[PDB]
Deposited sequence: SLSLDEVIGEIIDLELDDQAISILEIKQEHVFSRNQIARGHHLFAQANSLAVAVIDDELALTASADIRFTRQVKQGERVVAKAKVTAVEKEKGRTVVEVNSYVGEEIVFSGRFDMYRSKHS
């Protein structure tokens, strides 16, 4: 029920997942991973750090990811509104030391 493998999970705090880009994730022409796989990893990691739903998100794809790469996604909760049951999660995803994806997710109870 999460895309890629959960490596680390501190509920209501932070989480880390790893997605190895295989044949199922790429355009045949260029062996480049489709951006919705990156999103899916990050969005499901954002849900994992919290039974919760995404309300919006602002996301940014930085490098093209190639097949054979391990994408490490790192979720951190950056604000909570106890009141309205609203949590914001920022997720940055890396291949080695380089960001390939960055997103802020607005979640709800």
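Compare what was deposited with what's modelled and send me the C-alpha-less stretches, numbered from 1.
-> No C-alpha for residues 1 to 5, 56 to 58, 118 to 121.
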